[PDB]
Peer 1: 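Please read through the structure below; I'll follow up with questions.
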Protein chains: 2
Amino acid sequence: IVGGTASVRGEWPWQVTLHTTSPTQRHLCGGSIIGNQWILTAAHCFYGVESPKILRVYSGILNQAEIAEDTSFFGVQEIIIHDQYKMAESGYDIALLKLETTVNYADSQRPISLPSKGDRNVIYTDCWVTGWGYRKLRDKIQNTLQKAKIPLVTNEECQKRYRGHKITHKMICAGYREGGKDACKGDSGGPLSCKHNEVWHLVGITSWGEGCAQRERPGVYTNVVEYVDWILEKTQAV
Amino acid sequence: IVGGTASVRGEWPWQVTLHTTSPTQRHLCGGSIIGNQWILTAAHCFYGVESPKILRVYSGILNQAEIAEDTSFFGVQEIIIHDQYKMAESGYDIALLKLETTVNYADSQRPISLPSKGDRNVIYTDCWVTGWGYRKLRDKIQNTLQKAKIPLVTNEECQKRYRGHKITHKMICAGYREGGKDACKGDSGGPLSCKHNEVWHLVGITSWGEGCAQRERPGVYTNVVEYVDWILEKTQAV
Ligand SMILES: Cc1cc(N)nc2ccc(N)cc12
Ligand SMILES: Cc1cc(N)nc2ccc(N)cc12
């Protein structure tokens with residue numbers, strides 16, 4: 001996160017850190033708790049990941065320093081990548097992790113509500129991007145979970161800023177015209193969370209951008225509401 | 001290493017990477033193989049290290065990417081810190097690791113000779129600093145073992161550049177007047193290796209500097225030849 005600040009412990013209790021154990025353990029991506037056995041994240045996070053066995057999901061984390069060999073985590077039973085996904089910049093940058101065990105909800109770990117198709121008309125004015133990602137393009141993973149409040153921009157405006165891309169209705173963009181606050185490397189898969197009528201909604205999934213927090217380059221996010229049917233389909237038993 | 005280049009595999013076969021496993025595994029410091037059971041490194045590397053159980057020594061490494069949960073390593077049986085050590089900037093920045101098992105020497109892993117008291121008169125003109133450390137003050141650990149050729153400077157000259165310090169005869173300095181090449185964070189404990197009469201000698205141990213590779217700020221190293229009696233004393237059996 002560029003231009004963000006340190007979060008209060010547990011103020012983003014749906015936020016997880018997804019680690020890979022290969023070759024040695026490190027943060028890979030963000031993700032969001034959306035069900036007792038389900039994390040929603042970005043498909044592009046799994047580039048070169050050949051098995052869910054190397055993945056660990058940590059909930060209730062503020063600082064990466066909390067994670068040691070003796071820290072409890074959730075194993076991943078299955079990675080579900082959208083079948084239309086090719087790469088982040090083409091859209092469909094969405095994936096589910098089915099956990100091996102179920103999350104016991106508590107103040108530090110609980111699910112975020114999905115947006116409603118009826119909220120497509122809502123103007124979200126209180127949106128935040130969160131993660132342990134870079135503070136600038138060439139940087140490193142941060143210890144303390146960072147937060148930044150970022151305004152949504154229209155898809156029409158976003159298309160103006162990405163003339164070599166097709167910014168689709170399955171994407172949503174957020175950023176300041178002058179830049180300064182944005183997701184960056186390592187924030188991928190985390191939430192764009194918007195509070196509306198006292199409820200937090202998972203509006204976006206951090207996906208891509210040209211650089212981080214540059215002027216006239218909004219961050220691009222997966223438009224979660226366009227995938228509520230897919231999420232329902234994929235999270236049913238057998 | 002600032003201003004360095006990628007090493008050829010095994011061209012520094014005495015160079016080890018010392019990892020800590022706490023809280024999760026990461027490179028901590030460099031070190032040098034000097035005996036079948038002995039690594040020479042910097043005392044300051046062990047700040048807050050309460051037990052040798054959390055340490056792993058990896059030999060024969062070029063890229064950190066080689067190190068996975070299944071990669072062989074040497075355990076540490078004992079950390080021996082010089083009894084006069086207080087901090088890097090005051091000198092005595094020297095420590096031995098006694099390994100749990102012995103190193104089987106090969107082209108990729110073998111010991112470096114210690115300097116002779118009779119070489120105190122030698123002008124070393126072919127000295128190199130090596131490590132996986134930062135490329136600049138605020139950076140991160142590098143994948144490929146880096147090397148930089150750096151000229152020794154006189155202690156008189158070094159003292160000129162560090163007016164708030166006492167640069168002692170138990171220290172040795174190296175750097176360009178214009179800067180640009182130097183050790184940096186994460187290179188600590190590694191060798192300053194000088195080739196003289198076709199033999200590599202362990203002249204220094206990377207210790208400290210004000211910033212990395214700054215103009216008129218030579219890197220400061222432990223002057224290994226001043227500790228050959230100590231090394232002998234500490235590496236004897238019971
Ligand atoms: C995830 C992400 C978002 C963004 N807005 N910019 C980025 C730039 C580089 C990168 N590797 C990832 C990025
Ligand atoms: C080990 C080391 C050497 C040097 N020449 N400069 C440094 C600067 C900062 C730091 N943390 C370590 C350094």
Side-chain angles (χ1 to χ4, degrees), chain A residues 1-8 11-12 15 17 27-32 41-45 64 87-91 93-94 115 122-196 200-226, chain B residues 135-140:
Chain A
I1 303 293
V2 187
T5 64
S7 299
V8 177
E11 82 170 298
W12 312 110
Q15 174 90 56
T17 168
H27 168 92
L28 178 61
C29 272
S32 299
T41 187
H44 85 257
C45 290
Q64 291 286 334
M87 53 207 34
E89 290 165 87
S90 288
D93 194 8
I94 190 168
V122 172
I123 303 297
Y124 299 104
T125 50
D126 193 19
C127 299
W128 294 77
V129 66
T130 49
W132 291 272
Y134 290 15
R135 308 214 55 179
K136 60 192 169 178
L137 234 197
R138 267 165 81 79
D139 197 33
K140 61 181 170 169
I141 296 310
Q142 300 297 296
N143 184 41
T144 311
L145 179 65
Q146 297 289 292
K147 61 174 177 186
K149 187 176 176 173
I150 303 184
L152 301 184
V153 301
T154 65
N155 276 44
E156 182 153 319
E157 169 71 9
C158 197
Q159 184 60 86
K160 270 185 163 197
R161 308 307 169 192
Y162 287 102
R163 290 188 71 202
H165 292 84
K166 182 45 170 183
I167 305 299
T168 75
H169 66 274
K170 304 197 184 280
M171 299 168 185
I172 191 163
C173 306
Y176 297 93
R177 13 287 144 342
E178 67 274 23
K181 294 185 179 171
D182 192 12
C184 200
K185 178 157 176 163
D187 293 318
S188 292
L192 178 67
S193 307
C194 307
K195 192 177 201 177
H196 184 66
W200 285 101
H201 301 87
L202 184 57
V203 172
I205 302 162
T206 300
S207 184
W208 66 277
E210 184 54 55
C212 305
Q214 296 201 101
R215 146 171 301 274
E216 294 185 355
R217 292 294 197 165
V220 187
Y221 299 78
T222 300
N223 190 12
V224 174
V225 72
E226 286 294 307
Chain B
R135 308 214 55 179
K136 60 192 169 178
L137 234 197
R138 267 165 81 79
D139 197 33
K140 61 181 170 169

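First the proteins, then the strands, lettered A, B, ... as listed; each starts at 1. Only this structure's heavy atoms are used, side chains among them; waters, hydrogens and symmetry mates stay out.
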Peer 1: Can you tell me how far NE2 of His27(A) sits from CD of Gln142(A), rounded to the nearest 0.5 angstrom?
Peer 2: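 Output value for this atom pair is 10.5 Å.
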Peer 1: Please check this pair: side chain of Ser7(A) against backbone of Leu145(A), looking for a donor-acceptor N/O pair closer than 3.5 Å.
Peer 2: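 Here the side-chain-to-backbone pair exists.
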Peer 1: Does some side-chain heavy atom of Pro191(A) sit less than 4.5 Å from a side-chain heavy atom of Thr130(A)?
Peer 2: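 Yes. Closest side-chain heavy atoms under 4.5 Å.
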Peer 1: Would you check if the side chain of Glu216(A) reaches a backbone N or O of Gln214(A) as a donor-acceptor pair within less than 3.5 Å?
Peer 2: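 Not confirmed, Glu216(A) side chain does not pair with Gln214(A) backbone.
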Peer 1: Test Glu157(A) against every option in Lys160(A), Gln159(A), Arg161(A) by the side-chain hydrogen bond (donor to acceptor under 3.5 Å, both in side chains) rule and name the one that passes.
Peer 2: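 Among the candidates, only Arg161(A) passes.
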Peer 1: Quick one: are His196(A) and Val122(A) in side-chain contact, heavy atoms under 4.5 Å?
Peer 2: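 Yes, side chains in contact.
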Peer 1: Does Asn223(A) reach the main-chain N or O of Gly204(A) with its side chain, forming a donor-acceptor pair under 3.5 Å?
Peer 2: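 The answer is no, because no donor-acceptor pair under 3.5 Å joins these two groups.
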Peer 1: Drop me the distance from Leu202(A)'s CG to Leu192(A)'s CG, to the nearest 0.5 angstrom.
Peer 2: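 Here the interatomic distance stands at 8.0 Å.
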Peer 1: If we only count heavy atoms from C-beta on, is the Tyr221(A) to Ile205(A) side-chain gap below 4.5 Å?
Peer 2: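 Answer no - side chains too far apart.
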Peer 1: Between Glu11(A) and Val8(A) (side chain of the first, backbone of the second, donor and acceptor by atom type, cut-off under 3.5 Å), is there such a pair?
Peer 2: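 It does hold such a pair.
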Peer 1: Flag the pair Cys212(A) / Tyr134(A) as yes when at least one side-chain heavy-atom distance between them is below 4.5 Å, and no otherwise.
Peer 2: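 With C-beta onward as the side chain, the pair stays apart.
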Peer 1: Around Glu178(A), counting heavy atoms of other residues, nucleotides and ligands shown, do more than 12 lie under 6.0 Å from its CD?
Peer 2: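 Atom CD in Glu178(A) is crowded, with more than 12 foreign heavy atoms closer than 6.0 Å.
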Peer 1: Could you pull out the closest heavy-atom pair between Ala183(A) and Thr206(A), with the gap in Å?
Peer 2: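 Here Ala183(A) and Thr206(A) meet closest at CB-CG2, 3.5 Å.
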Peer 1: Looking at every non-hydrogen atom in both residues, tell me the closest pair between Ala148(A) and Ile1(A) and how far apart they are.
Peer 2: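 Closest heavy-atom pair between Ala148(A) and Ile1(A): CB-CG2, 3.7 Å.
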Peer 1: Below 4.5 Å, heavy atoms only, C-beta onward: do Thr17(A) and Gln64(A) meet side chain to side chain?
Peer 2: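 Result yes, sub-4.5 Å side-chain heavy-atom pair found.
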Peer 1: Enter the distance from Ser188(A):OG to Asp93(A):CG here, rounded to the nearest 0.5 Å.
Peer 2: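 With rounding to 0.5 Å, OG (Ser188(A)) is 7.5 Å from CG (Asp93(A)).
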Peer 1: Between the side chains of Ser32(A) and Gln15(A), is a donor N or O closer than 3.5 angstrom to an acceptor N or O?
Peer 2: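 Absent: no donor and acceptor within the cut-off.
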Peer 1: Could you grab the distance from atom NE2 of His44(A) to atom CE of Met87(A), nearest 0.5 Å is fine?
Peer 2: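 Between atom NE2 of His44(A) and atom CE of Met87(A) there are 11.5 Å.
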Peer 1: What is the ring orientation for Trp128(A) with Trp12(A), classed by angle as parallel under 30°, tilted 30 to 60°, or perpendicular over 60°?
Peer 2: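 Ring orientation, 0 to 90° scale: tilted.
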Peer 1: Heavy-atom count check: over 12 atoms from other residues, nucleotides or ligands less than 6.0 Å from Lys170(A) NZ?
Peer 2: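 Enclosed.
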Peer 1: Any donor-acceptor pair under 3.5 Å linking the side chain of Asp182(A) with the backbone of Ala213(A)?
Peer 2: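 Judged by distance alone, yes, a pair lies under 3.5 Å.
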Peer 1: May I ask you to decide if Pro218(A)'s main-chain N or O and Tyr162(A)'s side chain share a donor-acceptor pair within less than 3.5 Å?
Peer 2: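 Yes, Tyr162(A) side chain to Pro218(A) backbone: donor-acceptor pair under 3.5 Å.
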Peer 1: List the atom of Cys173(A), the atom of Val220(A), and the distance in Å for their closest heavy-atom pair.
Peer 2: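 Nearest pair, atom of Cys173(A) first, then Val220(A): SG-CG2, 4.2 Å.
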Peer 1: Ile172(A) and side chain to side chain contact (heavy atoms under 4.5 Å, CB included): which partner among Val225(A), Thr222(A), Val203(A), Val224(A)?
Peer 2: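 Only match with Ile172(A) under side chain to side chain contact (heavy atoms under 4.5 Å, CB included): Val203(A).
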Peer 1: Check whether any side-chain heavy atom of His165(A) lies under 4.5 Å from a side-chain heavy atom of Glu89(A), and answer yes or no.
Peer 2: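 Touching, per the 4.5 Å side-chain cut-off.
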Peer 1: Determine whether more than 12 heavy atoms belonging to other residues, nucleotides or ligands lie under 6.0 Å from atom CZ of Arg138(A).
Peer 2: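 Not more than 12 within 6.0 Å, no.
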Peer 1: Passes side chain to side chain contact (heavy atoms under 4.5 Å, CB included), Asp126(A) versus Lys149(A)? Steps please.
Peer 2: CA-CA 7 Å; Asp126(A) 193 19; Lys149(A) 187 176 176 173; 3.5 Å; yes
Peer 1: Report the distance from atom SG of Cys184(A) to atom CG of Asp139(A), rounding to the nearest 0.5 Å.
Peer 2: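 The distance works out to 7.5 Å.
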Peer 1: List the steps and the verdict of side chain to side chain contact (heavy atoms under 4.5 Å, CB included) for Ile123(A) and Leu152(A).
Peer 2: CA-CA 9 Å; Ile123(A) 303 297; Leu152(A) 301 184; over 6 Å; no
Peer 1: Calculate, to the nearest 0.5 Å, the distance between atoms CD1 and OG1 belonging to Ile167(A) and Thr154(A) respectively.
Peer 2: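 Here the interatomic distance stands at 11.0 Å.
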Peer 1: With no hydrogens and no angle check, is any side-chain donor or acceptor of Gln146(A) less than 3.5 Å from a backbone partner on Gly3(A)?
Peer 2: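 A pair under 3.5 Å: no.
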Peer 1: In terms of ring plane angle, is the pair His201(A) and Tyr124(A) parallel, tilted or perpendicular, where the classes change at 30° and 60°?
Peer 2: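 The arrangement is tilted - the two ring planes meet at 30° to 60°.
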Peer 1: For a quick test of reading the model, state the closest non-hydrogen atom pair linking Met171(A) to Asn155(A) and the distance between them.
Peer 2: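 Shortest heavy-atom contact: O-ND2, 3.1 Å.
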